[PDB]
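A lone chain, given as structure tokens: the form deposited in one PDB entry.
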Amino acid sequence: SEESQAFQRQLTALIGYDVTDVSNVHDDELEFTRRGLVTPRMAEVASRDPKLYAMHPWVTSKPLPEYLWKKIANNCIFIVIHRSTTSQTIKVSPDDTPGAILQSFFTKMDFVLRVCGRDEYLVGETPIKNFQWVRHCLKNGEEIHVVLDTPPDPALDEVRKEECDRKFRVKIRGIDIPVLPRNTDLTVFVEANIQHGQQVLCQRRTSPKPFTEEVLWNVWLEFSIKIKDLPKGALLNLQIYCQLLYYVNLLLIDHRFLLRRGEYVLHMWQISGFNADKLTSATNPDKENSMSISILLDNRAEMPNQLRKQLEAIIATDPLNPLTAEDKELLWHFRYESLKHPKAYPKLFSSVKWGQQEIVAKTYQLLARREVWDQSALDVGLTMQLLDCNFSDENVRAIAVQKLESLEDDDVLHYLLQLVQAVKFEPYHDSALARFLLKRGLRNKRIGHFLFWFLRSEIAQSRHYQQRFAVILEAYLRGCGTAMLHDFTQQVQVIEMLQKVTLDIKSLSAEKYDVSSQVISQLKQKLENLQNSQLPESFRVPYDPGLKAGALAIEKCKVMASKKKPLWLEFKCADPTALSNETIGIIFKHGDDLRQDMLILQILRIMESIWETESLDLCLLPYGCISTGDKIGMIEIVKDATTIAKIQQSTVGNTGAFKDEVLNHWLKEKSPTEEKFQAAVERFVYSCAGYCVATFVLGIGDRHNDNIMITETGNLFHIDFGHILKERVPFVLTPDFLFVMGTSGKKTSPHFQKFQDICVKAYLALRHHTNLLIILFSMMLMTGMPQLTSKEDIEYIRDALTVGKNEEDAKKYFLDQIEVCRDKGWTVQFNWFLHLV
């Protein structure tokens, strides 16, 4: 139908890529997947409670922490219910369900409890203590304000219903580049590799022929591998060395479990400055400039003491610890003892010779047991381990996705970005994970909204992965409901408008520190033009979907004084039932790859949760950040917060003569009462402690004081992770923060002891989750950090988390790092001034 011809055009402008376009495919995988995702989509769309879906309640089954129980020592929670002008508080029990509170209001002289200023609803059979918004207010000191109004109409959420034994051979015909002049002429060869998860089964090279705009070889390359022994997921990697220049991959076994046959003219990817993009089945879509390759395909006793100890020692080691042939052969001979240990699964599966039909068959016999694994307690770090680059077998990856299914939505939101990025390591487009991300995305609207923006960030930036993600985004968009589709349409239109403004203002400026009347007057009218008839009355905040934003506070909107020129935007809340007059502030910044900030902030949310398990609150501010396109995106504005450099440049001014007192003076200056300075010193102890631990672990500690911020309420925090991703420091700890602690160079004050206590308590709390942190880090680098990728680049986390060593040797190592910051004082800080200024 014609209505389906415009619907698809809506999906295309939403996705930012055309899913129907067959100009850059050599097979029907993407279309077959588009057709294959209709089943799991409808298996959720036509399976979800329309009432709870429309209301999207945010709940958690996790225990309320020791610190959050300290806020309610009276066993009573106060909730303020509002209708119009009337507002009366209720003495509610922590275990009281929304319905129990609904009747406790009717009795105290059809409707649903909606949050004030937020598109959030406190509904469903859950106690009020087990709500994320309630736990937020209890952590910040806010009162739980709610509106009495009718439930959201599920009719708005309607979905538009749709619908042998011979050795492997490869003939390398030749290579053709239209234009090569950039470097001095040398020789060239092709390296055809048969791989199954970063592991080469065999390698065959061509003879070196001279580098020309067309190099013909016509050589048949016979491999050591037989056609029967080729595993599903086997990826023929074609490489070019002058020393690597061009890579390309072809899935020897296809999506229908068929060996690839025929003539293929593959457009290859170049190298600029191991890597997730290096594994792509997708060809280069820019056929005019790219190098192509022409190829042709026509084809029961138990263990002794010391061995059990040897095996147990192997399972013990961190994910990064490599395995010798001895270790691998050990794991394999004692398969069944290794199967009895779930922590051995990532190591046992790396001991499989996948280029052996017989060994794979034995591996599949082991997977049939699964009893130990299926009954084992879910380990996210072990589940993620089996979903990485080192695992290409579908049935191996399925057991990880099987173990994932148990997660509550809250934990799905916790690991979403890392799971979204893990799709990059999948051999085929349609996968158990891709189907899992889709199911969960349609079951809840919060996962849905964030799944949309995560897929979109990569679609409008990655040529290597735009096509596959696009197929998964369409699948979601084709079942999210008319309302969400309407919402994303607004959001995108607004982001597109505001990115236009950002670049225009970036162009209308020269690198130097200026802020000339011309740029300020232009910015004023630029926004004024879009305010009147371009941007709608209300758009949803992508980083915080609870919040709806209205009109711009033009008089509050600015542009940075320095080289990057990002816009500082401010918006009024679209909700007239809001608790305050607090604006919605956004930063739009071009130059820095905000995908790197996203990953660091998502790990920061993880660390916070890990700390919660050992009842620690490190006052971290993982502010919202979404990458929208190439070297551009949004940043959430943390209210009434200033850079550390600005607090130093106020009393002093553009000098390295950093006076330690200025910081505490600012804290007492911005405090209305003495109690408000006491709460500010408390917030500073945790916030400084958390960010010291968090940064050192992630090896992003040595930072310039301009890239560290602080609030009027004492909460200190790190910023701009994109630009960072000799004399050195492990992290940031200078005498200015130390003065607030109460130390005059050499002192062990009551607040610096508190910091020293917390820091080791937090570092060890993260050591109880070593294998998880190591995986998330290893994955973060492979999927988000191009320059930060090699064996030695990933191996940083081991030394930082002090792998192998005891709690005593760990306690020592971290406090020694605090001392490195104390020995240096301001030496690396002044060095920043020589490079920056």
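For clarity, a rigid core is taken as the largest C-alpha set superposing within 1.5 Å between two forms. In case it trips you up, residue 1 is the first one in the sequence shown, and so on.
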Once the rigid core is matched, which of the two stretches, 626 to 634 or 420 to 428, lies farther off on average in 7 other deposited structures of this protein by C-alpha? 626 to 634
More variable segment, 518 to 526 or 609 to 617 [Cα RMS over structures in 7 other deposited structures of this protein, core-superposed]: 518 to 526
With neighbours modelled on both sides, does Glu163 go without coordinates in a third or more of the other PDB entries compared? yes
At least a third of the other compared entries lacking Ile724? yes
Count class of coordinate-free deposited residues lying between the neighbours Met109 and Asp110: 10 or more
When you step from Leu725 to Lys726 in this entry, do you jump over none, 1 to 3, 4 to 9, or 10 or more residues of the deposited sequence that have no coordinates? 10 or more
Between 167 to 175 and 528 to 536, point out the one with the higher average CA B-factor as the PDB entry records it. 528 to 536
May I ask you to compare 673 to 681 and 230 to 238 by their mean CA B factor in the entry and name the higher one? 673 to 681
Options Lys328, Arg256, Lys646, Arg767 - largest CA temperature factor per the record: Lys646
From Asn715, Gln493, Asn654, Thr363, pick the one with the largest CA B-factor in the entry? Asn654
Could you say whether, by C-alpha temperature factor, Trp453 belongs to the lowest, middle or highest third of its chain? lowest
Would you mind ranking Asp823 by its C-alpha B-factor against the rest of the chain and naming the third, lowest, middle or highest? highest
For the chain shown, is the CA B-factor of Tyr67 in the lowest, middle or highest third of its modelled residues? highest
Based on the entry's values, in what third of the chain does the Cα temperature factor of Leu788 lie: lowest, middle or highest? highest
Entry-reported C-alpha B-factor of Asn806 relative to its chain, by third, is highest
